[PDB]
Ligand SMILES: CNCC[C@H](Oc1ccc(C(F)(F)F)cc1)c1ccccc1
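Taking the form solved without the ligand, here's one chain by itself in structure tokens.
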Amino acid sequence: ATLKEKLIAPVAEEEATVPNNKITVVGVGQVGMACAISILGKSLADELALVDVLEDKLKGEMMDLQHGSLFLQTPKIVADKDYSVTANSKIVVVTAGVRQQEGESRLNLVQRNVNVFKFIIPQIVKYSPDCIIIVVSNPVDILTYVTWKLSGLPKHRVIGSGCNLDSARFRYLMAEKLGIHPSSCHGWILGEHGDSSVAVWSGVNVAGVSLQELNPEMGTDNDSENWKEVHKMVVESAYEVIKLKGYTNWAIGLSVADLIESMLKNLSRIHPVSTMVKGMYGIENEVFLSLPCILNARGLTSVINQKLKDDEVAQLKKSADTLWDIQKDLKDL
């Protein structure tokens, strides 16, 4: 009778399909939408759900993505302020809450964003008890800890985007100096995604050539080439971009899509992401900060043990102390 009934003959009985690689993005602001477009561009989701408290903005973002469906391979894009829309997600990316004002530390956002997370996180696990949560909201290390405590998920299923972005920036800036692709320039930023991050100069290399072996002063204040300035540029990068355009989003969206790719393709690639590091490098408390971690379909399955220089371990311990001083006073977790 209907055009659809004239055109389409069933072979199978119409039955509810459960998606196999659903992704939710919580928060459809600058970061959440950069994450969404990068996930859709890399064909990483068979279903994409969006949540926000701004109902009109949310519906607009959902419709704009839906209009691009012809160019994508994501057959279902949905959005609602209600967390029921997020059911059966494999990965939930949390970008909701407040961002830095100009010259504001990420650590100054802690009380506001803890209050946002207190109501969101229990709803995420209610509807997707088997998900991995990727925390992006700042300060990302503290809010990964908070998400672990609120969610009751195992450690391997609560990941902070952490220093995957800082390390991308570091590798870009070193690769630009050397005239090579960042993928061929190896270097790790660890610890806090923020001012106390640690540059592991001792592991920086190109084709397995230690650059600190070529320039032993690399990373010190007594270096005629002032490589230390590259780590200062990594630390200052968010502040500089926020002064120019108000926020950052494109690089973090690609960084989050890189983490999702490793997990949904089950690759066991190593990324510097935020995890619980008690018992590593003499850290005595449940600090979350970035170390090199193996990521696959289970989540964050292992941490790489490193031989660090004394000044590197000292900076990592200082970063841990900086974060623990905030974590220890958090209430009702």
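Start at 1 with the first residue shown and count on from there.
A second form of this protein, the form solved in complex with the ligand, is not displayed here; the remarks below concern that form.
From the list 175 to 183, 68 to 76, 258 to 266, 146 to 154, the contact stretch for the ligand in the bound PDB entry under a 4.5 Å heavy atom rule is 146 to 154. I283 falls outside the set of residues with a heavy atom inside 4.5 Å of the ligand in the bound PDB entry.
The ligand is not drawn, but in the bound PDB entry it has a heavy atom within 4.5 Å of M276.
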